[PDB]
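Novice: Below is a structure I'd like to ask you about.
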Amino acid sequence: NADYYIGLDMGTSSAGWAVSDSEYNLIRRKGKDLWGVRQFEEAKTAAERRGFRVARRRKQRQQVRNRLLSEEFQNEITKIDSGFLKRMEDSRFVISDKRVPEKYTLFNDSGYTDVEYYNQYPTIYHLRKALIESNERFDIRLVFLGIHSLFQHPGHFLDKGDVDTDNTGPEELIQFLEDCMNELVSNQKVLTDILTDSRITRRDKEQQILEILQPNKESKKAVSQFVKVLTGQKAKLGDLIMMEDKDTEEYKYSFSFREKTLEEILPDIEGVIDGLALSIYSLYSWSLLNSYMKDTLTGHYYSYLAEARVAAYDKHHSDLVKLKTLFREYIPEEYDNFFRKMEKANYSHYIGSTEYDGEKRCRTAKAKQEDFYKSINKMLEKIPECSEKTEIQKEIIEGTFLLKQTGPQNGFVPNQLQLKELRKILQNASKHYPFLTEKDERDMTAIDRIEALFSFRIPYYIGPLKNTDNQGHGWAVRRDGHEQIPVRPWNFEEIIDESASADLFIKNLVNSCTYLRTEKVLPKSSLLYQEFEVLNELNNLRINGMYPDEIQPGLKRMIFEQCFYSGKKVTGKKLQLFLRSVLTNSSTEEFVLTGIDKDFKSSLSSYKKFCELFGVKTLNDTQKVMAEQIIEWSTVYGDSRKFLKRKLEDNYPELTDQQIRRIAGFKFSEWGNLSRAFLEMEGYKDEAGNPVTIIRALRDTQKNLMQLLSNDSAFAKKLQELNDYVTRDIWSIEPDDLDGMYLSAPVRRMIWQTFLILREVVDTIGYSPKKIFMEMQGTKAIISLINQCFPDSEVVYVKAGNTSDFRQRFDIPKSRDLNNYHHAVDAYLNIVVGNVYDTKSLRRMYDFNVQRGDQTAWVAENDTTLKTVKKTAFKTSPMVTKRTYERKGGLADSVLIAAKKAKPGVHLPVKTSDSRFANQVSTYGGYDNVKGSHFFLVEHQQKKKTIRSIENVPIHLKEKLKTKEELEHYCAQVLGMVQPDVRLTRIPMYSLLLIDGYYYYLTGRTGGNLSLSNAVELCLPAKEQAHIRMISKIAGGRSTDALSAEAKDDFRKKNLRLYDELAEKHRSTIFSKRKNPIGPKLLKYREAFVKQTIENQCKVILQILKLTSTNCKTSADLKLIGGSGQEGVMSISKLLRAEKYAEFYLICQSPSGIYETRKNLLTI
RNA sequence: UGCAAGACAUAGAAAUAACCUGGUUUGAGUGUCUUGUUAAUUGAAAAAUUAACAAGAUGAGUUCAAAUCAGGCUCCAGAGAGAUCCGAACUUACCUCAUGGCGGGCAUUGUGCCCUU
DNA sequence: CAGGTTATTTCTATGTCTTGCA
């Protein structure tokens, strides 16, 4: 019937809506003015969830790896000890709780117990040194524990190299790498020292090496490239081997050991180079692996990492004895408080172990290194300066004092070093135990499989192997006929189709076209797409204000043919040269180029590349399809060239090996933004009868993509026909529609709540809005939704500053600290400003009448409409509705608290299905801060009196507690309640509760009491709002220095009157009905309020205002006046009796606020 | 002037993976000497060791194991076995299951009021 | 419950050369 507009202001925390007519007076239905504010907490990103998910998947893979290793050692372990694995698996439990009653986790056997196993080998790194540097037949358990530690500390997996390169020493390697060919030994110490010094970067190493080797003549560039290969940079072959025809591509290949390994670079250079593949040869790997394992004591690098961290252990012992000597003298008193007491940041805290006198070991959290160093420095202050004190302080500054072995600093260990250690362990133990040599069906050897499990890391493209379709996060495509069989190393290629899995990964990631939303996009390097870019750029190119083909027909074709076939970057000067060459006429050649930025940003690189690939000049259709598929495979597979090589060999047999090598050397990286079908869509028939396409239209005519998609173009009609438009029902937008467009979670919640308000308003009103005014990233998402549900409505974008200019110029103050109405006033102002600006200096636009056609927007005469907006601007009508949500999050803290601190019931046990951790939280610790999801109202009997209680449902029990019977059972057993009768099964967090005539927001729980926040917005006149704005500005960092004495007096008096108004609002108005009012405390504390200075007065005013706001916990820091920082807190007992409470209502509010149900908790 | 489609450059982020260092809890790495009290086996008694306490003194210390959201999935019962992936993100007013209802209306400075169920 | 690394894709600001709509 009538015509109405809806205005919308979205914020990450609040969403405000308003509805108006052409006269800017609000539509009101159900007797309620249709404008309000919906608040919701800022949504949380999936970063923490993703981190925890990858962490738990990593843990699961570690578990299966350890189980496999245990199964491989099980036969010999059981031969020597029946239950070693069970003792390993029952390490947490006390002696009684173990499956078998024993005392210590490892080496239970009599004689060789744990107490002297740790005496023989103080650490694991003492055992591994013994394993790799000895031949004596070791117990299978010792080898198992060494390999177990190696598995539990794998290493970087970031470097490329070979383990065996460390067997040959630096001297022998230098001898083998000194003048290998006919085109160093003396300086075999400084070079190695520079190479193995991690302090200097690669560039510094290269500069020092070039400075110190003093290269011979005629090899300066060759020696520079050799140094680049040595330290590791992208260096071409070039003069390394010195062929004359350097211009050839085979001798211009660039390779760096950082980007690729030797076995991967070799195929790219096999056959091309002379000799037995030759120039650094397996000496950079030695430098990388031996850089970390230096000693700086004898100058000789350690062979294996276990040889280090034993010398570090000895250095720790020497430093500890030095500090003990330095402490026993000069400080006989703080000996007990530092080396035995479990105080803060001392040695016992640095380790987490102490034994004062006979008492049990006190194991606590390990103190950080920084705190321990600070404590050592503080306790060294009492010691007068001496040699030992200076040396200790120098070591502390150097950071190599009292070092531990396992810590945050162990991130430098490469997997190759640990692999070498494992290989040595397995070779030493292989000469005695024969089970480590026996073969398998797949020709394994019981040693190669352990190494495989050590080294097999699932590639990033494969992702998780199994998916039960509970949620879509796996791509691993399994071979036909291969299912329900576990994925391990040595059968990854036989179970997961790696090529198909990578293809699925890339096509799932890649996005759809910007014009055809159902078909996927072409690779950027694809011939069609590159030709599209070049043709577009030629179309935009204009010469002296004329079209490129307007100068003479065939100019654009000539440029596309004879200027781009080279495939290189076409610059402006090259185009000028071509224009001079091809144009016989036009002697003057000062042709000004417009439409390009002096360089053609696109070039037919792929066309030329495939032209040299096939030798022919111009490709045909079959060769074009061949090249298109080759480019698609190279782009999808990317850095993994093995997939491309396999596809080429199994699909295109006519290609030669040199051609395959050339294909593998191409650089096809990124994806485009236009689909394949969009470029070849059949816009119309031509005169000859052949089809025309968008790409062919660019080729022939003089137009770009946007011109080809004009309103009258046949391509536009074909686009509308192909992109079928369905006006989906307003009531069919599930919140998964906005899950495709790449939006952050806060924006997603913004969009969903705002659209819910829109849907409720439109349904209630009856018909779609004529205009929907909205602010100017994620807002565009709702645009789509509007265009998917309300085709008639047109969105009138409003500038961000226009509304604020209206507020300042026409005197409508906004009070961001007072109440939440400013969102609704912002939406209504969006309506009134956007309507005027859509109808039409910037201020002058509001100085006269604005009217277009039959619709009148602004009437300056008598300010009639203006009066209306002002009468609406200050109205306290808006509805404030907080989102009622179940508190989704964690079950409890992710880190277990100590047993001596945990208490039963309040703390979640470690594992509530074992009957061991559940009833023994005081012994095995537990999880703290067990959060709850939602509240429920249950009627029970206490002291033979019928009373009702609101109680919590914890998050870890939400799924099993959503019906009346289940909640009754939960109250009956877990909460120890007699005769429960659950009356309300869902009271979400942040819900409107009417208690004793005052509105509350149920926002948590503190033990036996439930916590509430203020739900009544406080309204004050305009002058008070301006004063509060000044208060907020001054309390933010401004000063009173510029203010005059009269200004100070006026500020003091107006502050006093604002305080009086606030005090009265807490006494005579609704705020007096709150539980534990602050009015008496406001009046009692008023005496000291005047004596306070201006700035602290502003602070206490803002803190007082914090009591009457719905966006913060009701608490004030009135310490500047004399009260505590928790003044005016609201919390009421969870027991609802019939005496203390007059009306205990729950106001279930619809998201728009139009619909609401009041449930009487007392008598439901 | 806004919107948004194409190309380049400069700064970024986020979503999925893969991995590392770990961190937390628990448990293991026998603590040892003197003094006295208490309780034991003796012993008229003396004395005697043993064991738990309350003081004083002294030695060692670097590591390992298990989990690492509660849980969930499958199989035939349980302080199990399989799998190594689902679980900390987005969505949830209320009523009884439809593109339903959540009454007809007046205010909006203190949570009300008229007219019918 | 914190600090790092690797890969892919997408998105966002700003500037540059164009083009079309409301």
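Each chain of the structure tokens is named A, B, ... in the order shown, its residues numbered from 1; ligands are numbered from 1 in display order.
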Provide as JSON, numbers by chain the residues of chain A at most 6 Å from chain C, counting only C-alpha atoms (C1' of nucleotides).

Specialist: {"A": [509, 510, 540, 595, 596, 597, 706]}

Novice: Okay, now the selection with N, CA, C and O atoms, as a PDB file, in the first residue's frame?

Specialist:
```pdb
ATOM      1  N   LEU A 509      40.471 -24.625  -3.709  1.00  0.00           N
ATOM      2  CA  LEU A 509      40.889 -23.304  -3.253  1.00  0.00           C
ATOM      3  C   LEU A 509      40.516 -22.219  -4.256  1.00  0.00           C
ATOM      4  O   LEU A 509      40.111 -21.120  -3.863  1.00  0.00           O
ATOM      5  N   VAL A 510      40.653 -22.504  -5.552  1.00  0.00           N
ATOM      6  CA  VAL A 510      40.531 -21.459  -6.560  1.00  0.00           C
ATOM      7  C   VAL A 510      39.076 -21.019  -6.680  1.00  0.00           C
ATOM      8  O   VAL A 510      38.141 -21.796  -6.440  1.00  0.00           O
ATOM      9  N   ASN A 540      42.661  -0.500 -24.919  1.00  0.00           N
ATOM     10  CA  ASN A 540      42.732   0.750 -24.172  1.00  0.00           C
ATOM     11  C   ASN A 540      43.786   1.697 -24.729  1.00  0.00           C
ATOM     12  O   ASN A 540      43.733   2.897 -24.443  1.00  0.00           O
ATOM     13  N   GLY A 595      46.792   5.611 -22.411  1.00  0.00           N
ATOM     14  CA  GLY A 595      46.129   4.362 -22.108  1.00  0.00           C
ATOM     15  C   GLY A 595      47.029   3.294 -21.528  1.00  0.00           C
ATOM     16  O   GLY A 595      46.518   2.296 -21.004  1.00  0.00           O
ATOM     17  N   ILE A 596      48.345   3.467 -21.609  1.00  0.00           N
ATOM     18  CA  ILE A 596      49.300   2.545 -21.010  1.00  0.00           C
ATOM     19  C   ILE A 596      50.280   3.344 -20.164  1.00  0.00           C
ATOM     20  O   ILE A 596      50.499   4.538 -20.390  1.00  0.00           O
ATOM     21  N   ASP A 597      50.860   2.677 -19.171  1.00  0.00           N
ATOM     22  CA  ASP A 597      51.822   3.309 -18.268  1.00  0.00           C
ATOM     23  C   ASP A 597      53.256   3.109 -18.749  1.00  0.00           C
ATOM     24  O   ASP A 597      54.107   2.595 -18.023  1.00  0.00           O
ATOM     25  N   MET A 706      34.558  -4.339 -20.581  1.00  0.00           N
ATOM     26  CA  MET A 706      33.419  -3.577 -20.083  1.00  0.00           C
ATOM     27  C   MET A 706      32.575  -3.039 -21.230  1.00  0.00           C
ATOM     28  O   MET A 706      31.342  -3.017 -21.143  1.00  0.00           O
TER      29      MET A 706
END
```

Novice: With only C-alpha atoms (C1' of nucleotides) as the counted atoms, please give the residues lying no more than 10 Å from residue 573 of chain A, apart from itself and same-chain residues fewer than 6 positions off, as a list in words.

Specialist: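 In the requested form, the answer reads residues 579, 593, 598 and 599 of chain A.
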
Novice: Write the residues of the selection above to a file with N, CA, C and O atoms, as a PDB file, in the first residue's frame.

Specialist:
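Result went into out_20.pdb, see below:
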```pdb
ATOM      1  N   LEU A 579      55.901   1.595 -34.754  1.00  0.00           N
ATOM      2  CA  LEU A 579      55.068   2.542 -35.486  1.00  0.00           C
ATOM      3  C   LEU A 579      55.869   3.246 -36.571  1.00  0.00           C
ATOM      4  O   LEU A 579      55.361   3.486 -37.673  1.00  0.00           O
ATOM      5  N   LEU A 593      51.551   8.437 -26.563  1.00  0.00           N
ATOM      6  CA  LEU A 593      50.863   7.213 -26.173  1.00  0.00           C
ATOM      7  C   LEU A 593      50.067   7.466 -24.899  1.00  0.00           C
ATOM      8  O   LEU A 593      50.623   7.915 -23.892  1.00  0.00           O
ATOM      9  N   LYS A 598      53.507   3.479 -20.007  1.00  0.00           N
ATOM     10  CA  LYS A 598      54.839   3.498 -20.610  1.00  0.00           C
ATOM     11  C   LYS A 598      55.358   2.084 -20.865  1.00  0.00           C
ATOM     12  O   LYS A 598      56.342   1.894 -21.589  1.00  0.00           O
ATOM     13  N   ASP A 599      54.655   1.078 -20.351  1.00  0.00           N
ATOM     14  CA  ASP A 599      55.048  -0.310 -20.538  1.00  0.00           C
ATOM     15  C   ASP A 599      53.799  -1.172 -20.621  1.00  0.00           C
ATOM     16  O   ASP A 599      52.826  -0.939 -19.899  1.00  0.00           O
TER      17      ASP A 599
END
```

Novice: Using only C-alpha atoms (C1' of nucleotides), which chain B residues lie at most 6 Å away from chain A, written as a list in words?

Specialist: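 The contacting residues on chain B are residues 8, 17, 18, 20, 21, 22, 24, 25, 26, 27, 28, 29, 62, 63, 65, 66, 70, 79, 84, 88, 89, 93, 99, 108 and 110 of chain B.
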
Novice: Just want the 12 Å neighbourhood of residue 34 of chain B, counted on only C-alpha atoms (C1' of nucleotides), with same-chain residues fewer than 2 positions away dropped. Output as a list in words.

Specialist: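 These residues fall inside the cut-off: residues 32, 36, 55, 56, 57 and 58 of chain B.
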
Novice: What would the file look like if the residues just selected were written as a PDB file, in the first residue's frame with C-alpha atoms (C1' of nucleotides)?

Specialist:
```pdb
ATOM      1  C1'   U B  32      72.823 -38.131  53.231  1.00  0.00           C
ATOM      2  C1'   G B  36      66.270 -34.384  70.676  1.00  0.00           C
ATOM      3  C1'   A B  55      65.417 -28.570  64.787  1.00  0.00           C
ATOM      4  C1'   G B  56      70.499 -27.925  62.653  1.00  0.00           C
ATOM      5  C1'   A B  57      74.146 -29.217  58.816  1.00  0.00           C
ATOM      6  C1'   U B  58      75.509 -31.321  53.942  1.00  0.00           C
TER       7        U B  58
END
```

Novice: Pull the strand (DSSP E or B) assignments for segment 922-1072 of chain A out of DSSP run on the backbone, and list those residues as a PyMOL selection string.

Specialist: chain A and resi 926-927+932-942+945-954+981-987+989+992-995+998-1006+1009-1014

Novice: Can you write just those residues out, C-alpha atoms, as a compact mmCIF listing (two decimals), in the first residue's frame?

Specialist:
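The result, written out as out.txt:
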```
# COMPACT_ATOMS: atom_id res chain seq x y z
CA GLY A 926 42.41 -30.90 36.70
CA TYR A 927 41.15 -28.22 34.36
CA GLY A 932 28.87 -23.02 31.42
CA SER A 933 26.65 -22.68 28.36
CA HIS A 934 23.12 -21.74 29.41
CA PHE A 935 20.92 -21.49 32.49
CA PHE A 936 17.77 -23.43 33.35
CA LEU A 937 15.03 -22.82 35.91
CA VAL A 938 14.16 -25.84 38.06
CA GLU A 939 11.69 -26.14 40.95
CA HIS A 940 12.79 -28.22 43.94
CA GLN A 941 12.13 -28.52 47.67
CA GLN A 942 14.41 -27.24 50.44
CA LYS A 945 9.51 -25.49 51.16
CA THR A 946 9.01 -25.32 47.39
CA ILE A 947 11.69 -23.02 45.96
CA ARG A 948 12.98 -22.43 42.44
CA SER A 949 16.56 -22.07 41.26
CA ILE A 950 18.40 -20.95 38.12
CA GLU A 951 21.39 -23.21 37.51
CA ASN A 952 24.05 -23.75 34.88
CA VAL A 953 24.59 -26.34 32.16
CA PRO A 954 28.34 -26.76 31.55
CA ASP A 981 10.89 -30.26 38.33
CA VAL A 982 12.61 -28.39 35.50
CA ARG A 983 10.30 -25.58 34.43
CA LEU A 984 12.42 -23.71 31.86
CA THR A 985 15.03 -25.57 29.82
CA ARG A 986 16.82 -22.63 28.15
CA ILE A 987 17.78 -19.29 29.69
CA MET A 989 23.42 -15.77 28.48
CA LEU A 992 16.40 -9.72 29.81
CA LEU A 993 15.23 -10.47 33.35
CA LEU A 994 12.62 -8.28 35.05
CA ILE A 995 13.54 -8.45 38.74
CA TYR A 998 14.34 -3.40 37.16
CA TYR A 999 15.81 -4.84 33.97
CA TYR A 1000 18.88 -7.08 34.20
CA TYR A 1001 21.12 -8.91 31.73
CA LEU A 1002 22.03 -12.36 33.05
CA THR A 1003 25.72 -12.35 32.20
CA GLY A 1004 27.45 -15.08 34.19
CA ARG A 1005 27.74 -16.88 37.50
CA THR A 1006 29.98 -16.50 40.57
CA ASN A 1009 25.25 -16.19 43.04
CA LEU A 1010 24.47 -15.22 39.45
CA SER A 1011 25.89 -12.06 37.91
CA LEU A 1012 23.82 -9.39 36.21
CA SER A 1013 24.52 -6.27 34.18
CA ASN A 1014 22.44 -3.12 33.89
```

Novice: Using atom CA of residue 784 of chain A and atom CA of residue 23 of chain A as the two end points, give the distance in Å to one decimal.

Specialist: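 Between these atoms lies a distance of 28.4 Å.
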